[PDB]
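Visitor: I need the structure of the sequence given here:
(4 chains, ligands or ions: 12)
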Amino acid sequence: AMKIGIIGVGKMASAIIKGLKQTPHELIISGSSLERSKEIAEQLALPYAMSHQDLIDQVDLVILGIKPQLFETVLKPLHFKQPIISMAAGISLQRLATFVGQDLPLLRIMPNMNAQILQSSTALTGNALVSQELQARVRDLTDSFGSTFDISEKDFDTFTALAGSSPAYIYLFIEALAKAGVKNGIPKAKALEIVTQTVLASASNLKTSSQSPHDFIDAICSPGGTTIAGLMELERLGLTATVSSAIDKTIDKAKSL
Amino acid sequence: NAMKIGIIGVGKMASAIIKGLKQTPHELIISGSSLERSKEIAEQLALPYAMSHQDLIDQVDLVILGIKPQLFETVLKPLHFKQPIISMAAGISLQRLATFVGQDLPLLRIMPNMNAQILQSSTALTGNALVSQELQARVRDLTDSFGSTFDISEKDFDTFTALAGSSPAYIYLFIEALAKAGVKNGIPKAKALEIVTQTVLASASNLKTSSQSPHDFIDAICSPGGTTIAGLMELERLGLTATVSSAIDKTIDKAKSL
Amino acid sequence: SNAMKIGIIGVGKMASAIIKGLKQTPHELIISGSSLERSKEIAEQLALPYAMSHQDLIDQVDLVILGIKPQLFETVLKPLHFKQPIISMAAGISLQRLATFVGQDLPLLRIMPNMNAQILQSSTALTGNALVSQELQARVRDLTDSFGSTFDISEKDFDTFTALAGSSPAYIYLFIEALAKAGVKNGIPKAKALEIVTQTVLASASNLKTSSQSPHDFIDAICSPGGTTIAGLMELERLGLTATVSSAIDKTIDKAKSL
Amino acid sequence: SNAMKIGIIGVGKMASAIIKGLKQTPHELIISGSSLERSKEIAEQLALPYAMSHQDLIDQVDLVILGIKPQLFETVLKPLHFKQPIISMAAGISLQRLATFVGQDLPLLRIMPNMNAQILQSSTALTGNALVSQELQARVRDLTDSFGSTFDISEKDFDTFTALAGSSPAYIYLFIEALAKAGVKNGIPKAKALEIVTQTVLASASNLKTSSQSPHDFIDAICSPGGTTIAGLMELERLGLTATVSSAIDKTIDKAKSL
Ligand code: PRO
Ligand code: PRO
Ligand code: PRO
Ligand code: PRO
Ligand code: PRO
Ligand code: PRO
Ligand code: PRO
Ligand code: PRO
Ligand code: NA
Ligand code: NA
Ligand code: NA
Ligand code: NA
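Guide: Residues are numbered from 1 along each chain as shown, chains lettered A, B, ... in the order given. Ligands and ions are numbered 1, 2, ... in the order given. Dropping the coordinates below:
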């Protein structure tokens, strides 16, 4: 039952703590100021530390919940002495070692906001210093707020797009369907209820089936019907290309960070 | 209080609601396009068949129509109905149905979707002037057997057809597009599909139980100077929302024309 | 005998293409061109008898096949007096309309063949009016089976079939030519580029035909992750290949409807 | 005997597809997966011997075929010690690069097959380095001829061939699926729409193959003036079918180049 410290606590880091609370481990947090630390510690019902170093001094494992562009500034004056888990997009384990040390085991995760309901899809990977013992204990941590995917580091930026960023794309999609409902006479809340329930069921039906999404499309598209009319419209306007180009842009950005 | 329910025409959609119907106390019987088809689907479904549509009509408390909208006029006019009828067909009004079957029948429309297969359809229900408070409740019990039921007015049925009946296909094309982007970028199709399907399911579930709007979540996920806002502005640039909305418009136009 | 006499009024490219198949049947054939001069000319090319006029043809024949274009039906048919079942191959003209030109007392049939009739591999739709008996339709199916395969298609689906089977060979050729031209752009001689793609098209279609896998199933198989195929496929998506084809089929069908 | 022992390192979809053809040869086959577990698993599926490791495979075999993806060549090959001619099927990796991974003392060959190897109708390019004798190339051609046809293609043309023959089946499938989907839109069941178009695609390509006419010659033949085909063809032009295909081939080739 180790002691875990979280440096930087924004929305992603907060979403993860709910799940970490259901582990046997003891937790402590450290924010961007002492006042911010207290604020967040209050709403999570967890202790906080007097500084990042004070956190580092008492803790067996550190989780970094700060944004990637703050890594160099925030991390360089600190002296780490335990394994570190980064959740940051774009920053390689090699680059992290440059900031914190060549003598530490380092892990990356890529969770998403679904950690809020303990249903994150989280990628996990570690550097050469990560024993199978340590990787296992971290996997136990990630499994506490959803599922875990053994993902080689070269695939992290893609996974960031497919799983970390995609909930927002999924929400834009649902929102577009609901807005189309409003355009055509159905109240927003009601359209959103219908659409969300349909998304949920469709995804569950796919999960438990051996059929492909394209097999399902075939079943739903009655000849001369309404679905095939709308599907050909989605083809005309480039639905697939649009999603793919957005994914590419997500990945480009991850790379340049 | 147990009915005999007869199904005329059994396509993919009619087959999909059968599972739910089988969990009801009611007795069921079917009739396809020929006698040969009738026995093939009786075999497939472990349900008794009638010798004809009229034979079915003559012995049944309630009729569900599973035939395609384009076949209504041809198949229904020769027949003599003697009980409440449920149509699941896109784009055919109860008024228009009444001209096919009689002005003396209680008539209901439903709009289900393929998720009836897992008993998780989102189904619209409405009835004509001749449906009692009590009959619509009896039918709501039917539709609840294969998912959820929405009491929506008939003027809204074409929009509901797009939002719930057709949209699983649009959802699947979206899922497939995310997964193909994974393949393009070096992730095996099976794996890519597992990740995104799980993310879609969790995202929808979080939305449902949260008080936050879709746009509220987008704000939370879009870290300043991050990856999500980059991809989000690309979706804006290429017209994700306009594209979806135009597709729904086309779906509705088609329903109107049917 | 089982042999009947078959007369063909108007012989363009499509009518010529089915002749070869009709020659492999037990039947006697005779033709009639747009003029007596045209008739002799093409009777020579095909090695077949000609008639002195359409009505002369009609007076001796057991079955008429019309090879004239849809636009000429009214002009050419109305003056004639028909006495036997007629087969039309024209796009966009219903059996109901044909009967108004030709008579309400005749068995009438529609076919929709394609240029692959040339090598006896047409994909041909077949339908008949209420006057066509089972025996007659089977006799006509035997005719259509002589230059390809035959599909029992409802008349309401004829315009769509026209697009999918009658017009699509041209669309398939354009697509094949596009791939070969892309080979030329990138350093491969036209002839060699056409040999490679045509062979790949043939093999791919046979594979599809004998498999239980869908086209999309095959696409998943071929698209190695991070590979060359998925890159080309996403470019097809970006530029709207599927939308383009579907829009072209809609225009084909709109045309069939307005004819 | 004339029988040699052939070992396959890495067996994905493409390597599996050529196995069937290799079984119809007189040679002895052995495989090696990405792990000992994977090896046993797939040796069962194919009914073939497996090796305990890639090097174990190498030590007993007369010829190695590589079925691993281009991205893994460096990682997987460098630790191994090869002792025999090697055939690579990987897109975008030159014989020069392969020799830097594997040795300057080996005969090395490249092939570019496609998934039609499944029905023994691959369109397969073949080339060899300076170390490959006439006897060896002929022996390898015999191997490739077992699962399709074989083209003698210069290495400088391999990326283009990859697009025209290796990746294009997926593009052909998308095009076929587009036509069938257009049939669904317009009232024809998917299965039936796919049967009609696939048959038309097959027949059209055979017609082209055995004819002296160009694709464009055929297009002229099919496009009846004021007809349905020319309407659909001008819509193909408007929406840029040819440009789309060619652009997709360029992206395929760019990808091959960057691999
Ligand atoms: O909701 C419906 O009516 C359609 C019919 C086929 C698939 N679902
Ligand atoms: O495509 C159609 O026409 C039916 C009705 C909605 C879902 N499937
Ligand atoms: O996975 C992450 O790191 C991002 C941060 C905000 C939403 N989820
Ligand atoms: O937008 C970003 O940068 C973080 C990482 C994925 C989702 N939220
Ligand atoms: O030629 C090749 O190598 C590819 C691999 C998957 C499908 N065919
Ligand atoms: O997509 C790829 O990379 C492999 C090589 C050509 C066909 N399949
Ligand atoms: O089916 C037809 O009628 C057309 C005429 C020229 C080419 N094939
Ligand atoms: O283009 C046309 O009108 C004829 C009919 C289909 C093929 N050729
Ligand atoms: Na980066
Ligand atoms: Na309507
Ligand atoms: Na017409
Ligand atoms: Na390359």
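Visitor: how much space between the residue lying farthest from the centre of chain A and residue C:222?
Guide: Distance from the centre of chain A peaks at residue A:224, with 41.4 Å (Cα atoms, centre = their mean). Shown here: residue A:224 relative to residue C:222, a distance of 31 Å by Cβ to Cβ, to the nearest Å. Where you see a C-beta, it was placed from the backbone N, CA and C, and this is true even at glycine.
Visitor: sorry, back to before: which SSE is the residue farthest from the centre of chain A in?
Guide: Assigned by DSSP states H and E, residue A:224 belongs to no helix or strand.
Visitor: one more: residue A:250?
Guide: Going by DSSP H and E, residue A:250 is in helix A:239-256.
Visitor: is chain C within reach of that helix?
Guide: Yes: residues of helix A:239-256 are located near chain C by Cβ under 8 Å from any Cβ of the partner chain, namely A:240, A:241, A:244, A:245.
Visitor: before we move on, back to that, need the contact list for the residue nearest to the residue farthest from the centre of chain A when sequence neighbours are not counted.
Guide: Nearest non-adjacent residue to residue A:224, counting by Cβ to Cβ, 6 or more residues apart in numbering or on different chains: residue D:187, 3.8 Å away. Contacts for residue D:187 (Cβ atoms under 8 Å, 6 or more residues apart in numbering or on different chains) come out as A:223, A:224, B:70, C:156, C:157, C:160.
Visitor: and with 7 Å instead?
Guide: A:223, A:224, C:157, C:160 (Cβ atoms under 7 Å, 6 or more residues apart in numbering or on different chains).
Visitor: how near is residue A:48 to ligand 7?
Guide: From residue A:48 over to ligand 7 the distance is 80 Å, taken as Cβ to the nearest ligand atom, to the nearest Å.
Visitor: any idea what that residue is bridged to?
Guide: On the basis of DSSP bridges, residue A:48 takes part in beta bridges with residue A:29.
Visitor: what parts of chain A come near ligand 1?
Guide: A:220, A:222 (Cβ under 6 Å from any ligand atom).
Visitor: ok, longest helix in chain A?
Guide: helix A:188-207 (DSSP state H).
Visitor: contacts (any at all) between ligand 2 and it?
Guide: No: if you take Cβ under 6 Å from any ligand atom as the test, helix A:188-207 misses ligand 2, and the best it gets is 11.1 Å.
Visitor: helix C:228-239 and the helix holding residue A:250, what's the angle between them?
Guide: Angle between the axes of helix A:239-256 and helix C:228-239 is 120 degrees (criterion: axes from the mean of the first three to the mean of the last three Cα atoms, to 10 degrees).
Visitor: helix A:239-256 close to ligand 4?
Guide: No: using Cβ under 6 Å from any ligand atom, helix A:239-256 stays clear of ligand 4, coming no nearer than 7.5 Å.
Visitor: and that helix, anywhere near ligand 3?
Guide: No: counting by Cβ under 6 Å from any ligand atom, ligand 3 has no neighbours in helix A:239-256; the shortest distance is 10.8 Å.
Visitor: just say helix, strand or coil for residue A:186.
Guide: Under DSSP: H, G, I helix; E, B strand; the rest coil, residue A:186 falls in the coil class.
Visitor: what's it sitting at in phi/psi?
Guide: phi -100, psi 120 (degrees, to the nearest 10).
Visitor: returning to what we had before: following element in sequence after the longest helix of chain A, please.
Guide: Past helix A:188-207, the next helix or strand by DSSP H and E is helix A:213-220.
Visitor: measure residue A:11 to ligand 8 for me?
Guide: Applying Cβ to the nearest ligand atom to residue A:11 and ligand 8 gives a distance of 60 Å.
Visitor: same check on residue A:163?
Guide: In terms of Cβ to the nearest ligand atom, residue A:163 sits 49 Å off from ligand 8.
Visitor: now residue A:248
Guide: Applying Cβ to the nearest ligand atom to residue A:248 and ligand 8 gives a distance of 41 Å.
Visitor: so what sits opposite the closest residue to chain D within the stretch 1-150 of chain A in the bridge?
Guide: Closest contact between the stretch 1-150 of chain A and chain D, by Cβ to the nearest Cβ, is at residue A:150 (14.1 Å). Applying DSSP bridges to residue A:150 gives these bridge partners: residue A:124.
Visitor: what about residue A:46, which SS state?
Guide: From three-state DSSP, the assignment for residue A:46 is coil.
Visitor: backbone torsions only: list them for it.
Guide: Dihedral angles (degrees, to the nearest 10) for residue A:46: phi -130, psi 150.
Visitor: near ligand 9, which residues of chain A are found?
Guide: Residues of chain A lying near ligand 9 by Cβ under 5 Å from the ion: A:90, A:255, A:257.
Visitor: of those residues, closest to ligand 12?
Guide: Distance to ligand 12, by Cβ to the ion, is smallest for residue A:255 among the residues of chain A next to ligand 9, at 20.5 Å.
Visitor: quick check: domain ranges of chain A?
Guide: A:3-151, A:152-257 (curated CATH domains).
Visitor: nearest to ligand 11, out of those?
Guide: Of all these, domain A:152-257 comes closest under Cβ to the ion, at 17.6 Å.
Visitor: how far does that closest one stretch from one end to the other?
Guide: 19 Å (Cα to Cα, to the nearest Å).
Visitor: okay, and the residue of chain A found nearest ligand 3 sits in which element?
Guide: Residue of chain A nearest ligand 3, by Cβ to the nearest ligand atom: residue A:12 (3.5 Å). Taking DSSP H and E as the definition, residue A:12 sits inside helix A:11-20.
Visitor: ok, back up a step: the residue of the stretch 1-150 of chain A closest to chain D and ligand 12, how far apart?
Guide: 29 Å (Cβ to the ion, to the nearest Å).
Visitor: tell me which strands the helix or strand harbouring residue A:108 pairs with, and in which orientation.
Guide: Element membership for residue A:108 (DSSP H and E) is strand A:106-110. According to DSSP bridges, strand A:106-110 forms sheet pairs with strand A:84-86 (parallel), strand A:120-126 (antiparallel).
Visitor: adding distance to ligand 2, write those strands out as JSON lines.
Guide: Below are the strands paired with strand A:106-110 laid out as JSON lines (distance: least, Cβ to the nearest ligand atom, whole Å):
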{"stretch": "strand A:84-86", "distance to ligand 2": "45"}
{"stretch": "strand A:120-126", "distance to ligand 2": "29"}
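Visitor: which single residue in the stretch 151-257 of chain A comes nearest to ligand 10?
Guide: residue A:226 (9.7 Å).
Visitor: quick check on that residue: phi, psi?
Guide: The phi/psi pair for residue A:226 (degrees, to the nearest 10) is phi -80, psi -40.
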